[PDB]
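All remarks here apply to the structure that follows.
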Amino acid sequence: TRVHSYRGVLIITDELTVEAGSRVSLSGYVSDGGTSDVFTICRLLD
Amino acid sequence: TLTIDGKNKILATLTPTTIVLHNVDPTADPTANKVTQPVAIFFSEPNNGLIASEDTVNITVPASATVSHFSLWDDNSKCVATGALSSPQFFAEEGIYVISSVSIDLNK
């Protein structure tokens with residue numbers, strides 16, 4: 001009788017996954033003119 | 001002076017099912033120094049008068065523990081065979097001890 005044993009290595013298996021997300025943000029409004037240069041009263045003529 | 005046919009037709013009835021790890025050499029009936037909780041160990045079919053474990057067995061070893069000897073147990077809570085593993089080890093932290101195989105052999 002021997003009963004003699006052996007020894008191995010520590011083998012482990014795992015599944016890893018990292019995830020993320022996305023969101024789009026928008027801000028708009030109906031045009032009521034716009035930032036202009038030389039905002040002055042005018043007198044058009046044809 | 002048994003013959004292979006005999007040798008085999010003997011270990012078939014042995015069927016160890018449990019393995020317990022010990023810090024020091026076991027006594028005649030090892031009851032103390034049990035460092036790891038018992039776990040199931042699936043053995044195999046006798047062939048050429050020796051049986052060996054088939055599943056790589058992983059056992060939890062507590063912190064600040066040493067492992068140098070093992071004792072196989074059967075389903076009747078009776079220790080069957082005792083021995084020492086090839087390389088002892090100290091587990092300073094919580095870890096897992098791996099045994100590739102244990103082979104009960106009668107060829108010598």
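We name chains A, B, ... following the order of the structure tokens; residues begin at 1 in each chain, and ligands are numbered from 1 as shown.
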Using only C-alpha atoms, tabulate the residues of chain A lying at most 10 Å from any atom of chain B, each with its closest atom pair and that distance in Å to one decimal, by chain and increasing residue number, as JSON lines.
{"residue": "A:1", "atom": "CA", "partner": "B:106", "partner_atom": "CA", "distance": 4.9}
{"residue": "A:2", "atom": "CA", "partner": "B:105", "partner_atom": "CA", "distance": 5.7}
{"residue": "A:3", "atom": "CA", "partner": "B:104", "partner_atom": "CA", "distance": 4.7}
{"residue": "A:4", "atom": "CA", "partner": "B:83", "partner_atom": "CA", "distance": 6.2}
{"residue": "A:5", "atom": "CA", "partner": "B:102", "partner_atom": "CA", "distance": 3.9}
{"residue": "A:6", "atom": "CA", "partner": "B:101", "partner_atom": "CA", "distance": 5.2}
{"residue": "A:7", "atom": "CA", "partner": "B:99", "partner_atom": "CA", "distance": 4.5}
{"residue": "A:8", "atom": "CA", "partner": "B:100", "partner_atom": "CA", "distance": 4.2}
{"residue": "A:9", "atom": "CA", "partner": "B:98", "partner_atom": "CA", "distance": 6.4}
{"residue": "A:10", "atom": "CA", "partner": "B:98", "partner_atom": "CA", "distance": 6.0}
{"residue": "A:11", "atom": "CA", "partner": "B:98", "partner_atom": "CA", "distance": 8.7}
Can you list, as number ranges by chain, all residues belonging to chain B that DSSP tags as helix (DSSP H, G or I)?
B: 4-11
